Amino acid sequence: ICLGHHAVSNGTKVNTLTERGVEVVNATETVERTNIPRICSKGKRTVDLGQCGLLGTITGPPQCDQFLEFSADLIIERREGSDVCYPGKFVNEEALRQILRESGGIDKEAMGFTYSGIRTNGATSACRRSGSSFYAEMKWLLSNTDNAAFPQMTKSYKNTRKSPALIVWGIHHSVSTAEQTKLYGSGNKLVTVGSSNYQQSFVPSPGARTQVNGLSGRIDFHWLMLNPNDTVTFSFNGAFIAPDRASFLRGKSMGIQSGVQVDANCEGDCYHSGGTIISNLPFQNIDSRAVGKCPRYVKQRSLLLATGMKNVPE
């Protein structure tokens, strides 16, 4: 009586510690390559920002009017999104983006700033709604008449909630010094912002920038995080985009940047710009910048793990 083992005609070559190309009976794949070209959002509160920029949800341009108090577990940024309607820019924009991605949504609350002696309905034709408007959560502070003298004002706000508040203000930069003297009066303009962890101090820089939205003026957007029972103070006299409503983080979520469609029938926890990686393999060779609960990215295209014995044919 003799005894032996089985074999197949067409084996699978694998790599071992000794040789390279050992033909075994059967083998499986350990590096994932199949990608679903859709954002699998089954069972997740998803907000597709679309043309609305993530930062705009705090300031409130027209395209973000429906995202002022959103709530989601998965935030998707689109390439056509815009943070601003009037040409401007955020200072420390990427940090604020990373804060808002895992924020689980935002909740606005009136800061309660009352004004007296100036014109508060400053707007522009770029932030168009019914007619010409401005940021929904901001208030462009101008002088009372066509030139006049912008009185010195001081506005204080105390965070009376158990979570840190997101405060965003703006410093206006006119096309020229003449337009600054027109909007807020002549003389040196100065805005000061103070709290427990924050201080400084802005002076407007009038001048003609590159034409954006047919406008050569800019608006610098700044932000800080107030702690509970902490107080912020503003001392200004012109060129001030005052905040009207503060933001509060709802809970926890995840932020991704994609360009594919949203699918509510497939489920996954690994996302990238190309879609969703649905796999149980320990490695993947699709996107090195995949976020979520992903397999570890490797540069090998295939790493066959042997699941059978050594194939010795004939």
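Start at 1 with the first residue shown and count on from there.
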Self-check item: Between 176 to 184 and 141 to 149 (mean CA B-factor, as deposited), the higher
Solution: 141 to 149
Quiz prompt | 85 to 93 or 187 to 195, whichever carries the higher mean Cα B-factor | solution = 187 to 195
Quiz item: According to the deposited entry, which of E69, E29, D287, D65 has the largest Cα B-factor?
Solution: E29
Exercise. Compare the C-alpha B factor of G43 with those of the other modelled residues in its chain, then answer lowest, middle or highest third.
Key: highest
Quiz item: Which third of the chain holds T276 when residues are ordered by C-alpha B factor: lowest, middle or highest?
Solution: middle
Self-check item: Third assignment of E77 from its chain's C-alpha B-factors
Solution: middle
Quiz item: Taking the C-alpha B-factors as the PDB entry records them, is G53 in the lowest, middle or highest third of its chain?
Solution: lowest
Quiz item: By its CA B factor, does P37 count among the lowest, middle or highest third of the modelled residues in the chain?
Solution: highest
